[PDB]
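As structure tokens, one chain now follows by itself in the form deposited in one PDB entry.
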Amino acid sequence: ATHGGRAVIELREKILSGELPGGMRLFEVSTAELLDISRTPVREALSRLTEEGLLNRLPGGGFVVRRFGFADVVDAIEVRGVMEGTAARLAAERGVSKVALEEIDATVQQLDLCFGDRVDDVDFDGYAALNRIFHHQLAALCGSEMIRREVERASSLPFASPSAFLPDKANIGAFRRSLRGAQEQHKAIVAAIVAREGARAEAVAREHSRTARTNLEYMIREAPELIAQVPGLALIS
């Protein structure tokens, strides 16, 4: 909607495609010239992408495109899992309003409808979209804006987002099968929160993030053509 927001989209696209490679130094004026836009939205975009974690600030001014390896991707997924586990634990310890529980339980019920009678019968893209909703609701459940922000910050890297490892091209039997266990975890997270069992809520929500890690390991081992389909992984490989 804003010049700044469009600058963020264009700059993110250029970083993800490798047009602005890892290690490239970026400055407000020269980046505005490269994007063919005004200095002001570029200043905002460079700051927002530093908050997002695609860029680092340079000492003395300016920015630098971050470089990422597969070990960085694993660490980013682990941080998301740790923060989602914290949001689940605090919701369990503090208690959640019935309306907020009904909202997330409705998402869980819609997610159950993605599954059929055969093991690989899963509406993959439908699950990926509802999964995004479930994880946003989980981040907000305990009612703390400080917690919600931190969870969303830990989910902001292109490969760290909750459905990053569910791109449409990854709709294969091995990935569909893995969603059954992942959906049982969604149900267990909500049950643990309803039961006020914080240690369980944390353990399951953190373990849930290992589904994306295990699917990344599967891509490397058995389906390397899929690596380029996950946002941010094409340049790494």
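In case it trips you up, residue 1 is the first one in the sequence shown, and so on. Here, rigid core means the biggest group of C-alpha atoms that superpose within 1.5 Å across both forms.
Participant: Between 218 to 226 and 15 to 23, point out the one with the higher average CA B-factor as the PDB entry records it.
Facilitator: Stretch with the higher mean C-alpha B-factor: 15 to 23.
Participant: When the C-alpha temperature factors are averaged for each of 26 to 34 and 207 to 215, which stretch ends up with the higher value in the entry?
Facilitator: Mean B over CA atoms: larger for 26 to 34.
Participant: Given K187, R196, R43, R176, identify the residue with the highest C-alpha B factor in the PDB entry.
Facilitator: In this record, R43 carries the highest C-alpha B-factor of the candidates.
Participant: Split into thirds by Cα B-factor across the chain's modelled residues, where does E51 land: lowest, middle or highest?
Facilitator: As the PDB entry reports it, the C-alpha B-factor of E51 lands in the highest third of its chain.
Participant: Ordered by C-alpha B-factor within the chain, which third holds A201? Give me lowest, middle or highest, please.
Facilitator: For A201, whose C-alpha B-factor we compare with every modelled residue in the chain, the answer is the lowest third.
Participant: Can you tell me whether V64 has a C-alpha B-factor in the lowest, middle or highest third compared with the other modelled residues of the same chain?
Facilitator: Highest third of the chain for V64's C-alpha B-factor.
Participant: Sorting the chain's CA B-factors, does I172 end up in the lowest, middle or highest third?
Facilitator: According to the entry, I172 has a C-alpha B-factor in the chain's middle third.
There is also a form deposited in another entry; it is not shown, and the following applies to it.
Participant: Using the core for the fit, does the CA position of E197 change by 2 Å or more between this form and the one not shown?
Facilitator: Comparing the forms between this form and the one not shown, which are aligned on their rigid core, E197 does not shift its C-alpha by 2 Å or more.
Participant: Rigid core superposed, CA of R43 - does it shift 2 Å or more between this form and the one not shown?
Facilitator: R43: C-alpha displaced by 2 Å or more between this form and the one not shown.
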